Structure formats: structure tokens, C-alpha cells
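Got a structure for you, questions after.
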Amino acid sequence: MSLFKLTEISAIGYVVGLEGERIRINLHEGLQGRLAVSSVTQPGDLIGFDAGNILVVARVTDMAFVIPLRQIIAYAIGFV
Amino acid sequence: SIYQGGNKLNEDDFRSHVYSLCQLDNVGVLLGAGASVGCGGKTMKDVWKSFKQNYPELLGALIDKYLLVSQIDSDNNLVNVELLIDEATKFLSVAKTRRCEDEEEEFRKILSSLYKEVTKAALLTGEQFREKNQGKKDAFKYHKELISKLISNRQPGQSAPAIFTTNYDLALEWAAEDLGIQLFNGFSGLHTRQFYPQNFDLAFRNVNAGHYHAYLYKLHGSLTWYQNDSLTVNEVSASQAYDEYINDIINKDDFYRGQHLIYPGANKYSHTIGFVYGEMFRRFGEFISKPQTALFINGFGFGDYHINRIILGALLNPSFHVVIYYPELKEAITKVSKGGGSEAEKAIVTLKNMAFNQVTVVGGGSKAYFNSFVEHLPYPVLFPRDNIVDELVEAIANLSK
Amino acid sequence: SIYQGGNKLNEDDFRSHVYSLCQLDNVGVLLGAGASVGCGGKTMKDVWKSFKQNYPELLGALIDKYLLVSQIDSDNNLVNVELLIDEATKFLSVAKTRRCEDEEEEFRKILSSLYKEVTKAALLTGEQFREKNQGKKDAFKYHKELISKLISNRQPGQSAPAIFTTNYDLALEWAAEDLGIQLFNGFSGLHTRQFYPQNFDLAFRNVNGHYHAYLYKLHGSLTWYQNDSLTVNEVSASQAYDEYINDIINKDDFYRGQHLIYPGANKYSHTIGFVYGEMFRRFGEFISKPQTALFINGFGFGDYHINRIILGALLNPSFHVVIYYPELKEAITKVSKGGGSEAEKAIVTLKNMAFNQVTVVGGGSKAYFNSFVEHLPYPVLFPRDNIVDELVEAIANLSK
Amino acid sequence: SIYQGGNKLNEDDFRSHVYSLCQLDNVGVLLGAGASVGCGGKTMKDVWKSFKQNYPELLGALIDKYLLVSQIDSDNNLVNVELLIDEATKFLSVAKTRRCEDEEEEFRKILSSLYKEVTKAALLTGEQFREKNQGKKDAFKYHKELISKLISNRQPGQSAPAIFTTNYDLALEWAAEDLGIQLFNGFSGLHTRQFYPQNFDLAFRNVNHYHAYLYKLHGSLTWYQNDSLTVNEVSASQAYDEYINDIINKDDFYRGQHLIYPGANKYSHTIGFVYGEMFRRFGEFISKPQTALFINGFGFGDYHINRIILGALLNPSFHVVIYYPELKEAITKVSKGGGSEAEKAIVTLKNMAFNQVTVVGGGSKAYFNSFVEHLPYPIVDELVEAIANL
Amino acid sequence: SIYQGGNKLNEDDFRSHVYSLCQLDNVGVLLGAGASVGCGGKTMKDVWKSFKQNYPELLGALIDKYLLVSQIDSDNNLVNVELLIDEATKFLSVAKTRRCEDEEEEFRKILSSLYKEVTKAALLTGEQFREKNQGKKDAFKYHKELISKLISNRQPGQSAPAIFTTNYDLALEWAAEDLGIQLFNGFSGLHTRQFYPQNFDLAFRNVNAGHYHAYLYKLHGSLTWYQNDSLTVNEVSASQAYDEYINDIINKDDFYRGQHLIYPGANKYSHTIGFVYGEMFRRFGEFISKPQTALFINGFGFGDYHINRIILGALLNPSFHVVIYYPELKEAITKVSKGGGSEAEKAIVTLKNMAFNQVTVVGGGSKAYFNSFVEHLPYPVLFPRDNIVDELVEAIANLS
Amino acid sequence: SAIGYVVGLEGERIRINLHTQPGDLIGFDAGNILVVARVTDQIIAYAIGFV
């Protein structure tokens, strides 16, 4: 309503599972354009997750199916 | 003197109809300049009468040289203030453009003395305007009754009432501040109040799970709002406004330069920077475009083109009902049948002759005043029965003969 | 005065019957040439009177040489105009083939003079036909009431009302425009307006209204013309008056195909007319639906096609009709005495049916257009209980 | 030269970008006086040049006695011919009210001349203005494709496109009539057409055929006001027979508060009501989520439109594409001290710092015809002539 | 010679194309007078020869006095026979109305000779016209095949086949009464047969779970239709018609009644007779304006302007398909290429030259006859192509 | 025409889902760039370059 506004974030997916050093991500479909500007749609890329205090850096490994659904597997390498 | 669809209906049917209209989803009211007469206000005829008997040389200059006001209309009191203001502004524009100097200074006196009489008639209490607890007086009883009756009739899960007005006075806020109700008008802050269009969509909520509130729209501005050079609108209190910029206007002469924003003119689209005026009318136009809507009109003299156009085009929706109060209906009917009549008199007669059961007109002189309108509204029934055994008691009541 | 199923009926039951018949799925009306007499129209007898007053030598030529009209029938004003145009056209077509010129000219004159009188009776306002805001006058008071009452008795989910007519005049259009309601008649566009048969399937909708109807002119209109290119265009009243109507009315110019109208008995003579077929197809599709009601007013029952269609619609057990005929009693008598005209036999045959789906109303001046509109009801906004209130007065009868 | 926040792009990336934008929820277009020059139109500079060398016997009075036009602007051909007419109408009204015949007779010639020059450039077909099927000619060939591939792209369930125009000629009506679609402009009826603002909330459906919307921001040749205080509409032929024919082929006459073009009589409360609605609708549409706007033929010489457009960029879901031909010529003048307000405004949008504004420049590469080709793609005559032969 | 858009294709592709067109939503057939010549009929140019060989005295007065026929058309045998009877009837009616006694006998003497010639060429069996079981003969073998093939390839929830014809003989009725199929022609009753135009929207169904019926539209009338003393149209049987009015027409030499018969297109000026003719044309026009229609044309000479105009206008719809048979393509192509021939040849060659994939034209003399037309249509799999009933019937008859 | 589509990516391997022998080359339309691949063994393929 007033001047104050908070949220400004452009995400591509959210975490859906953890299996002992193995992360699953479900990709958004309602995003007309993921531009903020960087593109990460290919294995070998670097992505980051925000956990309030630190930022966790990961690396993409696989993509697959199962308006269908798309999934991503990633591994961690550190934090900033 | 009550018509619905061109026919006639009696008092009991009218009251039964009015009771059912207050149970709909959306209810609102639009008030004019005659609704504040019982509090101390006055209309435009009184403004013209006061003007003519305090500035005679200006009236002579208006009648003789510039030929803006006729000699007959001045005596019979048929002059319209808004058109006169528009014409004076039009003359001043060309005077500025052609760089003529004497007439440019001449018109400023008229255009400044004309606003002073409008401002003096919106105080309603004279010198006691800069004081607290003004709503405790007996002159504001029916406003409080109106607010209470409007608020009490709503059921849980429904929307809040809406109030529209075209007056500059504070008769409706003083009454609400004496009951404890909160009115939303689009301002926030205490030490610096500003206008935000986005905060017309706010409602209360209880943390452990202040339930009464309403809205107020001022279409032609207010006596307390003023615009700074930063093109932003600010609000103050009555005492501060009286002690800072509306004490020099009255007691001292020729000191009005855009001090407080008001719209007393006929054409309000000329100002191409004012966005409060365009914000209020969008909300007004959005309200009457919803199903199950009821509207009451009181005190409005039907002399504004924009409102008349809005009302007429909203009658093509089969879920819109209006009730219009007008004291002098018989004179208008008689005068129109002779082929003449004023422009304001044609609009009300046109509505009265429609063949739709969604239009009702109430006339009768003193029976169509504000106090009668407030008294026609109903009181809620708190604990209703199925009325299958109480009606039996009513039938049994009186048959001993 | 009121008969239902061949038996007499009273007024109180008639009003209740009419009320319940406006709640069905489909409602429509059909208006004739008698419904425009309260606005300034004329019937076929006045046309014959004007023709025999203004042209005294063509009447003598018709009566003496060619023997198309008998003297005694002309004296009593009992001659049919629609059955004379066809004979005149037949004579002209025969005379043109064998190359006779003097006999050919005399029939062109007769046809032009007869069309001229028919055109004059469809203006309703004289020289004021070309002005604007003609629906504000007091003459068109009951047309607005009819439109409002028809358009207000519609619950959501139902279909819009339909109006059929056989007139050439602009009465419904004038009444509706002054009210603010839009009517669909098959035309679209402003600078170039044309006929489109598939425009009858359109309807309104709200992006986030509901007030419209359909109009079918079965016998053409006075503001339509065909440009010989198998297309039909529509123009305004002022444009038509400036283009061709003035020459016909005042300059006595020889008649041509300036405007397409259908006066006559056999409407299939004009082969290249594709609007008549579409109109009658739409008319025939209406009466084959279940839960249908139809009100008829101002119709003299003199058209073969219409009363041939109506008779076949009574084989569906969901179709009801109400017929307004003033001179019922005079038509009853002449049938038992040997028989009247072909128009006076159909109404008596319809009256004597044995189904509770035909209602005939007579009574002279109380079966008129103004009386017909008053019988229609207004909708009820908020219903009531009627169980607690109606027993309040039950006390009075035992204490009075 | 195609820029995006100071960067550069090639043809293929822009051609994919325009396709990506067309699949959004709301789509709109805004035209100008430059989009009608391919059919026989003109521009403000051309009409001012024609006025200067046709009536030089009274151009002095507009600079000396009344002070309506600036000498520098007159010499540089940079006058705004829309405000001058409104000022002249105000002057004439005041003079008539004061009963000053000498000054009243002077102002009936300036308007009679100005309207004569303005109306000639808007007919677009000479004396063929009163005939039928004018939209079937080859001049109006590219106007039809715009509508054809603006309507076709939209999926079922999507809204209808919007077209905003500053012209006052019948260029988009003839094409739409010949295509076979219906445009909603706010009028209804045949024998008496009137302005109802609430018709902009209507749509068609099938009981068991498309449309669009058209907003005119400066009026039209077919709109006028009669003795009754209402606004009417007529057709081309009726307008030509009533008032348009005499304006061009007569020496001197003036009517008064009659015509509604171009933005002339705003001092009457009946005529400003129709100008205000278009502006408020444009403002309401510009501030919606997930919208796009394509601008073509606009010189950026209007103060209020710039304020409206700039204020609407505070939201992330508002995209703008601009077609300004003289881009580098403006930057060169910006480098030096001089320039103009339009140039200063347009160059500012070039130096922005976000990927929302896209300015396209060049020579002939940014005209109306080039814009049409960027949008994605969507025997009767033989049969007609065969039937006519029979 | 097969053309599809100006190019040639072989027999196998044509058969494949025909197979695909028989599984659409709507299927219809229009036949002419050349399809009944294999049963005992005659073409339209074989009647003029007989008339001008048997009656050489009236021909001079029919050209030199009333100008009803041209010398060029008569010398080349290109006279429209059914277009002369209507004009003759109009002349006779005018002469009777205006009381020209000497002119009535002449027109009563030429009509008696025209009907005597047209009637004798439509019996198809001579004096075996009043008998029974006329469909068992070998002449009507292919009509049965056509009717059986049309019905037996429709899936459930689909429309019924329609047949249009310009003949007025009783071949199709005889063929259908032998297979056991029922045809709708617009009449109902046994003791008083009457015409009802609303019975074209009816169909049969089974009360337990048949779909064996079709529609027949006759565009020029029939031998068995007549108008009695009242104003109605009745239908009778072959024997009753023969005993009532056909025997006198064929045998007696001084017989003519008036506006009694309804063939061929004769008494159109009466408004109770032309109403029958108009409905058939209207419903023909309504049929071919449907989304997925396919039409087969055989036996037609393309000498009618109205049918050609209707067909041409219906092709501006991207889902209409036409197949035409005309066994004289070469003799028309040469004549149009050199100087230009007759109107029918010009129309057919212009339609052939079109570059559409919707129009297909087949020629080649005896390769484009009615008999060859049947085999191009598909044959159902489950149809019993054997003989089992006849042996049992003969064995039953042998008993006792 | 087409022979299939892509269902997954695993490192530097491509899986094609059928609706033609090892050594053949295939191409993928990626808008501004065309990607060429080589068949090795649903079928598997690797990447070589782009055109």
C-alpha cells in the first residue's frame, strides 16, 4: 500500500528433496522470462541458494523429464 | 408523491421496498449541498445574495462593461456561480496572453472576492471552527444516526458502506469522531500527512482470532487539503489550517493564490495536473458497475453534467437500483409541460417517466428533506423467529368478538 | 369475447394465463399493419381511396377496357391491392413480348402510380422524416413500453426475445434508439453497410449489456437498396430522402428498383431475392422449439405463406399462440350463412379447434395495440411468503 | 542502429524479441501522423510550409498585434498547430461576448484559412472521399496486414488488441470494413449515433466473429455537435454533403462551436467530456501488468504523453519499443549545447540502464512499412467476375 | 479424360478420390433427363423433332405472329420446351380475362398438341402404366443399385441422403417400392393426399433399440400431381391418374381443361401452384450451404441460368466439392477455342478452366454415362452378394 | 520431418526418443544456432560443433 516494498527475487526453481549429497530441483513454468541477467539451462553451470546467513554454491549435473515437469540434479562445492 | 416506473405507490409498500434494499451486497449514498443546511450551511443562492450586497461596484462593472451578467437575472436571482467563474478565468487567460495590464489586474479582484464568500459558507460554526468536541452538539444528531444505521445493517462476510459527497465542510467527520468509528480517506501520518491512492484497499483484523469502519470520498476537494510546490497534497487539522492560511483570506483582503484546492467550476477537466479529482471519479465509476448495488441520492440539485452522464449510463445493468429525493417535483412537471424549463428540470422529469421498476422518485416538499430521509431507514431485527408459531399467536390474538 | 379450446373464458383466468406464459424459454411477437395506426400509418383501404381520388382516368381505363376491376366492387371499397399488381405485371409481360408499345406504356404508368401511393403511407411524419430524435415524441409511447417489458422479463441463462414484422416503417428502430438498446438486423458497418446471413448468431458479453433483441423484417425496408451486384446496402433516413425518396414522392419520376419492397401475392416471382428466404428460414426455425409462446396483433390473415406456416406449428405439444382479432363476431355470422372471404374462414377454423393451445381475443376496440401492451405484466423484484400476511386479513371476516 | 540500454543488437535477436513479446497478455499500438504519409498524408512541417506561402498577408498580425506565434519558431518551422486553434477559439469567444465587431471580423478569417489547409491533407483521396469501397485500393495495403496478424496471434481466452491513434482520418476504418471485422469506438445507432463511454466493456460470443478497440485521442472528421447539447456521428458521404464540401470550395465562412477536430473547442463542458475519456482510458491501460507497447510515427512533441509514459516504467512488467528515425542526428546536437525538448527527451531514453527500452533507428529502416514486416506471419475474384458475366 | 484443376489424373487416383468423398457429413445427387433414356425416355432435343414433324402448321404461326420462338433456335433444335408452356399459359389467361374469343381457340389448340407430345415420352412403359410391380423389370436395375449404395454406407449419427431431379417420371418410386425403402416427398394420406412443407424435417426411430429412408425433391413436378376444384394440391396413384385424365390426353384430340396440371413448371402465375415450386428450390439452396457437402452431377445439360448461378456462388466455401459428367468436352473445347459456341459450352469450359482442387470434370462419350456412374461408387463389405431367398420362395410356391 | 525428440541430458550424452545407423549426423534447431551431433550407439549421440 505505502512506499515500502520488500521482495525482489528472480528464481528458476525450488528444492524438493535431499538424498545424501544429491539435490533435486523442480523448475518453474509460469515464468514467462527468467531474465532479471544470467542464463543457467545446461549441465556444468553454477547456481546459488540463499539461506539467510550464507549463500551455498552448487553445480548442475543432469536434466530430465517427469505441460510436463522438469528436474535438475546438483552437487555442492562451498559457500560465500 | 412517490413514483416507481411512472406509476404511483403508497407509504407501506415504499417502506417494505426500502427495507429490502438495505439487505443487498453493496450499499452507498451520495450527498449534496442541501444536506448540511440544518447544521449551519447555505446554498448558492445565498452566496449570490451575499455577494451582491457587499461588492456593488464590482457588480456594476460586471453588468455594464463586460456584459457577463444581465440586469434582470441579478434582480430575480438566477445567476450561476460556476459558469461565472469559468468565464472570468477565460477572460483572464486572453488578458494575460495579449499582455494587457489594467484588465488583468481588474479581473483578479473579482476572482478573489468570489472565492471568499464560498469559503465563509463552509465553516458552519463561525469563530468556533478552531475548537475541539464540535460533534457533541445537537446540530449533528442525524448524521450520527445515519452512520449508525448504515453500519449496523451489515451481515458478517459482507462489504463496508461507501459515502460520497460534494461539500467542503467537516460535518461528517466531526460526527464520526464523536462515536469512535474510523473513516478511511486515503491519507497516512501525523506530522506529515500525504495522499496515497493505494490505501483504499485496507481493512481491520483482530490479532487474537475495532470491527466498525467505512469509507469517505470527497469529489470536489476539502477545506483542509493544500498542495505544496512539490506537486504533492498534504493534510492538516482544523486549528492549524485556521491559524495558518484561512484567517488571512477572510479578515484580510485579496490574498488567495492556490492556497487550498477546490473545484467550484463547471468544467473540471481543464486542470491537467490534478490527479486526486481523477482518482475519486474512477472509484465512483467502478462502484456502480457491480451486481446487487443500491444507491440513495439526497440534497443533489442535478446541475452537474458529468454526474448526470454517469448516472444515466449505469441504468442498463439489471441489478442497479436508485432512489432520488427532490422537493420541487410538481413545479418542474408543470413548467416542462409548457415547452420550457431549465436544464436541471429536464433531467429529473426524464428519469421520472421511464418504464423500469428500478427507478424511484420521492417528492413532496418538506417530506423529502434530510431528516425524513434518515427516519425512513430501518432498524435491524436482532433475533428473528421462523414465524410459524408466532403467526399462529397473531391469528389467535383478536377474535373474541 | 375470449375463447380457449373452443370454450368461453373469463378475464381473471386470462390474465393469470398470460402471466404464466411469459415465464417460458422462448417468447416472441408478430406485428402487422394495424399496429402503426396510432403513429400515423394507413391501411390498404386508404391506399385504394387515395388512388381513386387522385387518378380518375386510369381507373376508367382499368374498369372499361381491360375489365380488371368491377364497378360495384370499387364502389364498396372491397378490392384487394396485392392481387392487382400481379395481374398488371402479367399484362405488361405479355404485351412486351409481342412488341406492342401503346399498351405497354399504359401499364408502366399504372405500376408507377400504384407504387407511389404505397410509398407515401410508410413515412408517418411527412416532411419531418429526415430530422433527428424522432423517438422523443408522444406518439411512440407504447412501443417503448413493449420493448422494456419484453426485455425485462428475462432470467439469466435464457435467450433474447425476437420480433417479426411486415411493415416498411421505422417505428421500432426509432423507439429503441431513444431508449439506448441495440437491435440486430443482419447488417454491419457504417461507411459501407452490407448484409451478412451469419450475423444472426452473434451475442454480447461482459469483459469483466444483457439488453438487446433481434428484428426480422419479412417484407423488406424503405432504407434498403440492391446495387445489382448480389449485395444489399443500408443507409440512413436523411441519405435516402436526399437520394431517391424525394424524386418518387414529388417529381413523379418513372419507378425503378430504387428500394426493394414486396407488395404482392406471389413473392417467388423475384428469383434473385435471397433475403426473403433467409428471413423465412429463421422464422420457421423459431416455431419448432419446445416451450414457445407467440403473440399476434394487427394481422388481417390475408397472406397464404404465413397462415400456412402457422397451421403446421400446432402439431408440437409445446407451442402456444394468442391471437387478437377485433371483428370476430361479424366473421362468425357470415360463415354459417354460406361463407365469407378467404381471410374470414381461417380465423373461424382456428377458433373452432379442440386443443387447449389456441386462444382468440375479440371485442372491437378492446383488442387494439394499446390494450395489448397493458395486459403484459411487470416483473416482481423481491418475492414474499404470503403465508403470514394473507392470514392477517383472515381475522377480519370473522370480526366484521 | 538498434540500442537496448546503450548496448547493440543484431536483426535476428530483435526479430525473436518481438515474437517473444507478442505472446503476452496485453498488447497495444500507438501511431502518429507519420504512419499515414504512405497513403497521401502530410506532416506538421509540410502544412506549416504550405500555410506560410499561401496567406502571408496576415502572418504579421499573429506576431505583432496578438502575439500567438514566435518569430524563431516560424522561421525554423517548429510551431504546434493544435494549440493555436484553441487559442484562436478563446479569442473569438471573448470578442463575441464583449460585442467588439471590429476584432470579431478579424478572427473569422484566420480560422477559415487554417481549417482550409488542415482539412485538405486529411481527405487522403481528393474528391473520391464520398464514394464507397475506398479501402480496396493498393494505397491501403499495409494497414490491413497489421490488423490481420494482430488478431490472429491471440490464443483462445486472451483479450482483444488495442489501437491508439493521434490522426483524425479514416485510414483504419476502411481497411477494417473491407477485412470483415468490427471496431468499437464508443458510438451506437444508425439514425442517431451518440457517445456512450461504457461501450468499451463489450465483447462478442457465439450462441453455439472477432473485434478490436480503437481510441482516437484528437477527434475525427465525422464528429460534430448540433443545436442539441449532444455529440453525433455521420458517414463520409453525409459529412461531405453537409459541411466538408463548403470548407474547401468556398471563400470565407465560419460556423462556431461545431467541429470536434483537432482538439479545438475545449472551453465547452460538452466537448471536453469526449477528449478526457480517451486520455483516462490510455492512462488506465498503460498501468496494467504484463503489457507491451509499440510506438511508430510519433515525434515525441507532446508534454503530457511523455509524463504518462515515464511514470509507467516503475513496474517491471511494462515493455516499450520505439521507432525513431533521426537518432544519430539528435545525438550530434546533444553533444553541442543546442537542441530541442523532443530531442532531449528521446536521447535520455537511449542512455537508460535496464533491459526494457528498445530504440530502433536508421533511415528508411524505421518507417511504418518496416514495422509491419517484423511481426510474425498469420481466387474469389475469378468467381465474382464469372457470376457477373452471367 | 479427367481434369482436376486443369491437370490430368489416371483412373486409380480418380477412384481413390471418389472413395474419400463418400464418407463426408453430407452427400447428395442431382440427376437430369439423360439418366432416364436407358429406361425408355427421350432427351429434350428428340421432342422438338417429333413436334415439328407431326405439326408443321402451327410452327409458322408460333414464329411469325406471336414471336414466341426464334428461327435460328428451331433450325438447330435448341429450344427450351418447358420455357414455352408457361408463356403460352400466360397468353391464354390474358386472352380469357379480356374476352378475346378468337384468340382463345388458337392457344387452346397448341397447348393440346404440346402436352400430347411431352406426356407420351414420359410413360416409360406404354400401356403397362396402370399395372402393378413395375420395378421387377430389367430396365430399372441400376436405379436400385444407386439407391442401395447411397443408403448402405452411412454410419450411425449421420444424415440421410438427398436426391434432386429435373424429371417428372415415376422411375425412382418404382425402384424404391421394390427394395422396401420409404421415400419422403412432402405428401401424407391415403384417401386425401395433401402437400405439407413441414414434413421434410422428420425421421424414423425404433421403440425397442429402421434407418431406411431418404428425401426426394422434384423440381419440375410430376405426372400424378393436380389441383382439384378447391385450392389445394392432391396426389393420386398411377391407375387412378390414367383412368382420370392421362388416357384422354394421349388418345382424345380436343381435350384441354385449364390450370389443372402441375407439370412442367406450367402454371406459375397462380399463387397456390408456384408455392410448391419455390420450396424445392429454397431447400436445394439450403442444402449446399453446409460445411462438409459433396455433390455428384450426372445427366444435366447446364441449360438453366438459376441452377448455374446457385452452384457458382456456393464454391466460395473452402469445403465444398463437385463432380460433373459431360460426355462432350472435346467438341466444346474446340468450338470455344476457335470462335466461341453456345452458352452451356462456355459455362462448362469456364468451370473446367478454374485452378481449384474442388472441381472435377469427367468426359469421354460412353465412358461418362449413367450406367458407368454407378460402378465408380464403393460397394459395402457386408452386403449379401448371393441368392438365398429366391430358392426358398420358389420351393414354397411349388408346395400344393 | 523428424525422427524423434530429446528426453534427457546426462553430462555430455544425449538421449533421443523415437516416434539411422552409427556414424550418421543429425541437427537440432536452437533458434539462432544449429547444433550438429554424431550417433554412437532410444539412441545416444555426442556433440561436435555448431553452424
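The letters A, B, C, D, E and F name the chains in turn, as written, and every chain counts its residues from 1.
Please note the rule applied: contacts are C-beta pairs under 8 Å (C-beta built on N, C-alpha and C of every residue); 3 or more make two chains touch, one makes a residue touch a chain.
Q: State the chain with the largest centre-to-centre distance from subunit B, centres being mean CA positions.
A: With centres defined by C-alpha atoms, farthest from subunit B sits E.
Q: Consider the two chain pairs C-E and A-B; indicate the one with the greater count of contacting C-beta pairs.
A: When C-E is set beside A-B, the one with more contacts is C-E.
Q: Could you grab the centroid distance between subunit A and subunit E? Build each centroid from C-alpha atoms only and quote it in angstrom.
A: One centre to the other, that is 77 Å.
Q: When the centre of a chain is set as the mean of its C-alpha atoms, what distance in Å lies between subunit D and subunit F?
A: About 52 Å separates the centre of subunit D from that of subunit F.
Q: Just curious, how far off is subunit F from subunit C if you go by their C-alpha centres, in Å?
A: About 74 Å separates the centre of subunit C from that of subunit F.
Q: So the centre of each chain is just the mean of its C-alpha atoms; given that, what is the distance between subunit B and subunit E in Å?
A: Computed value for the inter-centroid distance: 81 Å.
Q: What positions in subunit A touch 2 or more of the other chains?
A: Within subunit A, no residue touches at least two other chains.
Q: Got the subunit E residues that touch at least 2 other chains?
A: If we look for residues of subunit E contacting two or more partner chains, we find 313.
Q: Run through the chains and report each pair that touches.
A: Chain-chain contacts present: A-B, A-D, A-F, B-C, B-D, C-D, C-E, D-E, D-F.
Q: Across the complex, what residues on subunit A touch subunit B?
A: Going by the criterion above, the answer is residues 1-2.
Q: State the interface residues of subunit D toward subunit A in the complex, per the touch definition above.
A: It comes out as residues 20, 23-24, 290, 355.
Q: Where on subunit E does subunit D make contact in their complex?
A: So the residues of subunit E touching subunit D come out as 305, 308-309, 312-313, 315-316, 347, 350, 354-356.
Q: Can you list the residues on subunit E that touch subunit C in the complex?
A: 66-68, 87, 90-91, 93-94, 97-99, 196-198, 201, 269, 271-272, 274-275, 277-278, 282, 285-286, 306, 313
Q: Please name which positions on subunit B make contact with subunit A in the complex.
A: 188, 196, 198-199, 201-202
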